[PDB]
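Under PDB author numbering, the first residue of the sequence shown is numbered 1, with each subsequent residue one higher.
Positions of the beta carbon are idealized from the N, C-alpha and C atoms, including for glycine.
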Amino acid sequence: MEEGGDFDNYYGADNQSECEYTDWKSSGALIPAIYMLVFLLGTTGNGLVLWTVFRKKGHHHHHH
């Protein structure tokens, strides 16, 4: 449970219901909800790193 009761509980603020500190412009609720299950899925860095092999054969023009 990691109690660690000292200065990490309602001791200041921590935005309890602000919802107006990083939403007043909605820039961190629609971007971190798609670029996740996508950016690291439809590629994961294995599409622009491996598939290349099937192309590095001749950056110019193969099909001799």
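- A direct Cα-Cα distance of roughly 14 Å separates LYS56 from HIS64.
- Per DSSP, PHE7 is not a residue of any alpha helix (DSSP H), being assigned neither H nor E.
- Non-local C-beta neighbours of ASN15 in its own chain, meaning closer than 7 Å and more than five positions away in sequence, comprise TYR21, ordered along the chain.
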